[PDB]
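In: Generate a structure from the sequence data that follows.
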Amino acid sequence: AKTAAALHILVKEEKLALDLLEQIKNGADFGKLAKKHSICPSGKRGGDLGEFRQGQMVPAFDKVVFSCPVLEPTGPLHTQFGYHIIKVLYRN
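Out: Residues are numbered from 1 along each chain as shown. The coordinates are given below.
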């Protein structure tokens, strides 16, 4: 689509992603979990990038945006920086 609204959490290693995967079902909070675990310069912003086009952050985003349609969180997916879990919205 032209642009998509996406929430993103970047996990350094799968073991933390495994803790993240279980935590959301047991707890359930994608926005707050990004705040708690991102601890990065893009925690406040990466945890809520708003709408952006495929040419901003990372190609793997094209793979998932072309993997699951918007309104359907997907991840954690494989990426060179670690594992990306992304929630897809708007997308237009």
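In: Output the contacting helices and strands for the longest helix seen in the chain.
Out: For the chain, the longest helix by residue count, based on DSSP state H, is helix 14-26. Counting contacts by 3 or more CB pairs under 8 Å, 6 or more residues apart in numbering; DSSP states H and E, helix 14-26 is packed against strand 4-11, helix 30-38, strand 74-79, strand 82-89. Using the backbone N, CA and C atoms, a C-beta is placed for each residue, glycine as well.
In: any idea of the angle the second one forms with strand 4-11?
Out: When you say that, I think you mean helix 30-38. 40 degrees (axes from the mean of the first three to the mean of the last three CA atoms, to 10 degrees).
In: partners of the next helix or strand after helix 30-38 in the sheet?
Out: Once the chain leaves helix 30-38, the next helix or strand it forms, by DSSP states H and E, is strand 51-52. Strands that pair with strand 51-52, judged by DSSP bridges, come out as strand 4-11 (antiparallel).
In: neighbouring contacts of the strand it pairs with?
Out: The contact list for strand 4-11 (CB atoms under 8 Å, 6 or more residues apart in numbering) reads 17, 20, 30-31, 33-34, 37-38, 40, 42, 46-52, 57, 61, 65, 70, 75-76, 79, 81-92.
In: what about residue 37, how many residues close to it?
Out: 19 (other CB atoms under 10 Å).
In: Buried residues, stretch 85-92. List them.
Out: 85, 86, 87, 88 (16 or more other CB atoms under 10 Å).
In: ignore the last one, stretch 32-46
Out: Buried-residue list, stretch 32-46, by 16+ other CB under 10 Å: 33, 34, 37, 38, 43, 46.
In: Closest one to residue 2 out of the residues you listed, please.
Out: residue 46 (21.1 Å; CB to CB).
In: Can you give me the separation between the closest one and residue 59?
Out: As judged by CB to CB, to the nearest Å, residue 46 and residue 59 stand 16 Å apart.
In: In TSV: the buried residues of stretch 32-46, plus distance to residue 6.
Out: Formatted as TSV, the buried residues of stretch 32-46 follow (distance: CB to CB, whole Å):
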residue	distance to residue 6
33	15
34	11
37	17
38	14
43	15
46	10
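In: ok, which pair from the residues you listed is furthest apart?
Out: The widest separation within those (CB to CB) is 12.3 Å, between 33 and 46.
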